[PDB]
4 protein chains.
Amino acid sequence: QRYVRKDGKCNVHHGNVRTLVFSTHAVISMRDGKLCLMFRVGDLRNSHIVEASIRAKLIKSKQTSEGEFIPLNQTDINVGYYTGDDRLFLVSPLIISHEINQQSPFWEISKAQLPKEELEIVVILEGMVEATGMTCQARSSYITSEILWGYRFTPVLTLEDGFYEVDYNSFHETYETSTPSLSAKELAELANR
Amino acid sequence: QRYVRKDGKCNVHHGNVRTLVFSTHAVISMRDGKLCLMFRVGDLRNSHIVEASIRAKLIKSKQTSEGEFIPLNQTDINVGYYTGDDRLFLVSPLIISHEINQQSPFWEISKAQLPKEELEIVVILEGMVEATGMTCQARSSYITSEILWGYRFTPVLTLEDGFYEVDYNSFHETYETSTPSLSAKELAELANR
Amino acid sequence: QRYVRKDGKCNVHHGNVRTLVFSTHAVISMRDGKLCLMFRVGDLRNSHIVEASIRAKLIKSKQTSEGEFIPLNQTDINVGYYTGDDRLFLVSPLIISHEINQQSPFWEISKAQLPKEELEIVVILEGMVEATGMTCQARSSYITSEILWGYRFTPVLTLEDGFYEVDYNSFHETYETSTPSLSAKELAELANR
Amino acid sequence: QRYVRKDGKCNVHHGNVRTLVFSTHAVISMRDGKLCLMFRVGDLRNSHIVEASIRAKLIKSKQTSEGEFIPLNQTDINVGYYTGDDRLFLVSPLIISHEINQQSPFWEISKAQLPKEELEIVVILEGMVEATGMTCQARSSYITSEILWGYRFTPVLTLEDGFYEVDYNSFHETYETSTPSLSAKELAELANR
Ligand SMILES: [Cs+]
Ligand SMILES: [Cs+]
Ligand SMILES: [Cs+]
Ligand SMILES: [Cs+]
Ligand SMILES: [Cs+]
Ligand SMILES: [Cs+]
Ligand SMILES: [Cs+]
Ligand SMILES: [Cs+]
Ligand SMILES: [Mg+2]
C-alpha cells in the first residue's frame, strides 16, 4: 500500500490540499544496541516543505582547561549530517534520532547524571514552504527535565482505506521500556570484553 | 561535437527556449563489476534547473533488536552525496545510480529475496527553475514490483546535425542483460577468495 | 533558565520584535589544549537569520615550488565545515573558533612570526533575513596587526529577570591571558615526547 | 594594503557600484609538485555574488566492463568540494584548480594521450546576485583542444593607489612553462622510488 504515488502525490491525510510542532519531550533508549536521543517532529498538514533539514544545538555553559568561562556555549548535535539523513522528507511526523556515541556530548551521561546536568537542546527545522515559496525556520527546546530517560515514542501512523492517517493525539505521547541506566561510554566499556 | 557551447547554451533539443518525469521502473544490474540500482530522470524541455539535486529515501517498516516497531521508517539511499554526483546538471535524461554496497539497504537482497521484500523507494529532485526563479520539488516512487532485476535502460540520446536529440518514447524503456542472481553481499563473499 | 522557549521564541533582548557587526580584532589562545584563532560575530537585534553560516578565507600572495606567483591567493580557513558547527544559530554574539591544526595555514606561525606575515582573514556570514525573506551576505576583514596573540574575548552575556541581555559595549573588548609563544606545530612537537 | 575594508566593502575596481566570463581555455601544469587542471573565472564588475560556488562535470561517453554504452556520461570533477574551497568569494578573477589525483579522471592522461581523448569539461558557477536577489547559473565548456598542456594563467591583478585593478585584456591570456609530459599516474609511479 503505497506511501507515495507514481506522480509524487502522497497517500497521507485523506482530503488535504498539498505552524509546525515538535514533541514536548525527548526520549533516550536503545535502538539496535546503540543508545539514542530522540525527539519527534510533525509535518504541516496542508503543505509540503521542500529542502527540509533538521539540526540541533547543545546549549551548555562550559569552562576550558585554561579557565575561560563560555556561557551558554553552542555545540552541534549530530542528527544525520554525514549521511544526509538530516535532509527530511516531511510528510508525516518523524522521530529524529541522535545516536549517542564517542562524539556525542551525552557520551558520559548516565540516567542518574542526567538530572544534575544543566543543558538545553535546541532543535531547528528549516525548509521552503511548498505553496508559499518562502524560507521557514521552526524552533523548539528541551531542557534536562524534558528528556525522559528510558522511553520511546508512541506510534501515530495507521493505514485506513488506502490513505495513511495520523493520530495527532498521540503525537507527544511516549511509553516506558526496559533500558540500561548506564552511560553510553560505560555501556561501551562493559560490552567490550 | 560539443554538448555545451562556450557561452553556456546547450546543443540539445533543436529550437527550444531555455512537469518532470521519472522512469516508471528502476533497474538493478552490474556496472564495472559493482551491482547498481538505477532509475532515470528527465529534463524539462523548456527550462534549466539551477542547483539541481537528487536524493532518495527508503520507506520500510522495521523492528529494532529491542522490539520497537517503526512503521514506514525512512533511510537515505546513497546517490552521490559524498562525491557531489547528486548535484545534477540536468540538460537531458540521466540514469541515476545507487551502488549497492555494504552501507546500502540492498546489500543482503538477492533476485529471489527481492519480491518478498516490502519496501518502497522515494526519489526526490529539487532545484530552482531557470526562468521562474522558484524552488521546485519533483517526486516519484518505486515499489518492489517496479524494480526490474537484471535490466538496463535503453539509451535515448542521439546526435543529429549538430544538436543532440532525445527519443522520449524510449525514456521508460529498458532491456534485459546477463546479471548474477546473487545478492551484493553474496557476490562480495564469492569474489573475495 | 531557558535560552529558547518551547514555542521557539528566544529569551534574549527584552522587548525586541523578532547591520551585523564583526569584532574589530581576532584573538589567538588555547582552548582545551588546542591553539585557536577566534573572532566574534553579533546578532541582529531585530530579526532572526535563517540558514546562517560562517566561512573565512585567507588572502595571502604565494609562490609555488615552480615559481608561479599567485597574488592575493585564497584558501579556506576551517571554522566548523566538517561537523556543521559553521551552521550558526545566531541569537546573540558568538565567538567563532578556528582550531589551528596541521591543516590550518597558521600551523607554522609563532607569536614572533606573526607580525612579519603579510596576510588577511576575510570573514563572511550568509543567511536569509527572518522577516525580509532575502539573502544577506555580511563581510569583514582582519590583517596581521588585528590579530591579538595571547588574548580572549570578554563575555557579554548576562541573565536578568528571565531574559538574557547583551552588553554591546564589551562586544569588541578582549583581555590578556597566559598563552605560549610557540607555533602550533612547535607546541605539537614539544608536547609529543 | 587591504583587500577588504573592516566594513566589508572591497578595494577592487575604483568607482564601481557594488554577464560572467570563463577563460576560453583551461591549462594543466604543476603546482607544489601536484599536477593541476585549471581554468579562470571572472567576477561581475558591478555586483557581489552571494553564496557563490563552482562545480565541473566531465562529459565523456563510456563503456562498462559489461558492455553498456553510456553516451555523454557525466562525472563530477573535484574543484574543492571536500574542503569547501568550491565556495567562492568572487571579487576578482580566480583560477579554479582541480588537482589531478588518483580519483581524478585525468589520472591516466599524458600530454600525448590528451588530444586523442574525446571529452568535454563543463564548468558551472551558481550564486545569488547581491543586488538582484536572484539565483544565477553561469556555464561554459572546454573540449580536448581547449586544454593547453604545460601552461599557466597570466596574472591580471595589480595594486594602484589603494584599490586593486584588473587588466581584463589578460583575462584569457596564458604563458608556457616547463612541465613534464608524463601522466599524473606515471609521475606518481616514477617519483615513488
Ligand atoms: Cs554534509
Ligand atoms: Cs534547508
Ligand atoms: Cs555533502
Ligand atoms: Cs538543491
Ligand atoms: Cs559540509
Ligand atoms: Cs547559508
Ligand atoms: Cs560538501
Ligand atoms: Cs550555491
Ligand atoms: Mg538556498
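A quick note on method: Cβ atoms are made from the backbone with ideal geometry, for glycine too, and the neighbour counts reach across all protein chains shown. Here, each number is a calculation from the coordinates, and none is a lab measurement.
Mind checking which residues of the stretch A:68-101 are within 16 Å of ligand 9 (Cβ to nearest atom) and surrounded by 20 or more Cβ atoms within 10 Å (Cβ to Cβ)? Hits for the stretch A:68-101 are A:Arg87, A:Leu88. Looking across the stretch D:107-123 at every residue that is surrounded by 15 or more Cβ atoms within 10 Å (Cβ to Cβ) and within 11 Å of chain B (Cβ to nearest Cβ), the one that is nearest to the chain's Cα centre (by Cα) is identified as D:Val123.
So is A:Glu126 within 16 Å of ligand 2 (Cβ to nearest atom), more than 12 Å from chain C (Cβ to nearest Cβ) and over 23 Å from A:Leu187 (Cα atoms) or not? Criteria not met by A:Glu126. Of the numbered criteria (1) outside any loop (DSSP other than H, G, I, E, B); (2) farther than 30 Å from B:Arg152 by Cβ, the one D:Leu90 fails is (1).
Does at least one position in the stretch B:60-67 carry a residue that is within 7 Å of another protein chain (Cβ to nearest Cβ), crowded, with 18+ Cβ neighbours inside 10 Å and at negative phi? Steps first, answer last, please.
Filtering the stretch B:60-67 down to residues within 7 Å of another protein chain (Cβ to nearest Cβ) leaves B:64-66.
Pick out the ones that are also crowded, with 18+ Cβ neighbours inside 10 Å and you get none.
No, the stretch B:60-67 contains no residue that is within 7 Å of another protein chain (Cβ to nearest Cβ), crowded, with 18+ Cβ neighbours inside 10 Å and at negative phi.
Looking at this structure, is C:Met38 surrounded by 17 or more Cβ atoms within 10 Å (Cβ to Cβ) and closer than 21 Å to A:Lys57 by Cα? Criteria met by C:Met38. Scanning the stretch A:145-165 for residues that are outside any strand (DSSP E or B) and farther than 18 Å from A:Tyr175 by Cα, we see that the one that is nearest to the other protein chains (Cβ to nearest Cβ) is A:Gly162. For the stretch D:56-92, taking the residues that are closer than 23 Å to D:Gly150 by Cα and basic (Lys, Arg), the one that is nearest to ligand 2 (Cβ to nearest atom) is identified as D:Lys57. When D:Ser97, D:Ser53 are screened for being within 16 Å of ligand 8 (Cβ to nearest atom), within 12 Å of chain C (Cβ to nearest Cβ) and polar (S, T, N, Q), only D:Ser53 passes. All conditions in (1) surrounded by fewer than 18 Cβ atoms within 10 Å (Cβ to Cβ); (2) among the aliphatic types (A, V, I, L, M); (3) touching an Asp or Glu at 6+ places or on another chain (Cβ under 8 Å) hold for D:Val129, with the sole exception of (3).
Criterion first (surrounded by 17 or more Cβ atoms within 10 Å (Cβ to Cβ) and out of contact with any helix residue (DSSP H, G or I) (no Cβ under 8 Å at 6 or more places or on another chain)) does C:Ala138 satisfy it? Full working, then the answer.
Working: surrounded by 17 or more Cβ atoms within 10 Å (Cβ to Cβ): yes; out of contact with any helix residue (DSSP H, G or I) (no Cβ under 8 Å at 6 or more places or on another chain): yes.
The answer is yes for C:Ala138.
A count restricted to the stretch D:166-177 and to residues that are in contact with a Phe, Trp or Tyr (Cβ under 7 Å, 6 or more places away or on another chain) and either assigned to a loop (DSSP other than H, G, I, E, B) or more than 14 Å from chain C (Cβ to nearest Cβ) (or both) stands at 1. Scanning the stretch A:100-123 for residues being within 30 Å of B:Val123 (Cα to Cα) and within 16 Å of ligand 1 (Cβ to nearest atom) gives a total of 0. When restricted to residues that are closer than 30 Å to B:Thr177 by Cα, at the interface with chain D (Cβ under 10 Å from one of its Cβ atoms) and not β-branched (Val, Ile, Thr), the stretch B:2-37 contains 8.
Look at D:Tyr3 and say whether it is more than 30 Å from B:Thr158 (Cα to Cα) and either within 16 Å of ligand 2 (Cβ to nearest atom) or surrounded by fewer than 17 Cβ atoms within 10 Å (Cβ to Cβ) (or both). Break it down into steps so the answer makes sense when it comes.
Details: more than 30 Å from B:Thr158 (Cα to Cα): yes; either within 16 Å of ligand 2 (Cβ to nearest atom) or surrounded by fewer than 17 Cβ atoms within 10 Å (Cβ to Cβ) (or both): no.
Against the criterion (more than 30 Å from B:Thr158 (Cα to Cα) and either within 16 Å of ligand 2 (Cβ to nearest atom) or surrounded by fewer than 17 Cβ atoms within 10 Å (Cβ to Cβ) (or both)), D:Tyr3 does not qualify.
Quickly run through the stretch C:34-66 and pick out the residues that are acidic (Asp, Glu) and either under 15 Å from the mean Cα position of the chain (by Cα) or within 16 Å of ligand 9 (Cβ to nearest atom) (or both). Of everything in the stretch C:34-66, those that are acidic (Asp, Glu) and either under 15 Å from the mean Cα position of the chain (by Cα) or within 16 Å of ligand 9 (Cβ to nearest atom) (or both) turn out to be C:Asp43, C:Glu51.
Within the set of pairs 6+ apart or on separate chains, which have a first residue in the stretch D:116-132 that is under 15 Å from D:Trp149 (Cα atoms), a second that is within 16 Å of ligand 4 (Cβ to nearest atom), and C-beta atoms under 7 Å apart? Taking only residues 6 or more apart or on different chains, not a single pair turns up. Could you check the stretch A:70-93 and list, in sequence order, the residues that are more than 7 Å from every other protein chain (Cβ to nearest Cβ), in contact with a strand residue (DSSP E or B) (Cβ under 6 Å, 6 or more places away or on another chain) and not polar (S, T, N, Q)? Within the stretch A:70-93, A:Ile70, A:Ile77, A:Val79, A:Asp86, A:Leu88, A:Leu90, A:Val91, A:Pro93 qualify. Count of the stretch B:45-59 residues, restricted to those that are of a type in the set (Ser, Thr, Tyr) and either surrounded by fewer than 17 Cβ atoms within 10 Å (Cβ to Cβ) or more than 16 Å from ligand 3 (Cβ to nearest atom) (or both), is 1. Per the conditions (1) assigned to a strand (DSSP E or B); (2) in contact with a helix residue (DSSP H, G or I) (Cβ under 6 Å, 6 or more places away or on another chain), the sole criterion not satisfied by B:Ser97 is (2). Looking for something away from ligand 1 (no atom under 16 Å from the Cβ), among the polar types (S, T, N, Q) and under 15 Å from the mean Cα position of the chain (by Cα) - is there at least one such residue anywhere in the stretch B:69-81? For the stretch B:69-81, residues away from ligand 1 (no atom under 16 Å from the Cβ), among the polar types (S, T, N, Q) and under 15 Å from the mean Cα position of the chain (by Cα): absent. Can you find a residue in the stretch A:178-190 that is touching a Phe, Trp or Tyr at 6+ places or on another chain (Cβ under 8 Å) and within 14 Å of A:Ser92 (Cβ to Cβ)? Within the stretch A:178-190, none of the residues are touching a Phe, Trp or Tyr at 6+ places or on another chain (Cβ under 8 Å) and within 14 Å of A:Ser92 (Cβ to Cβ).
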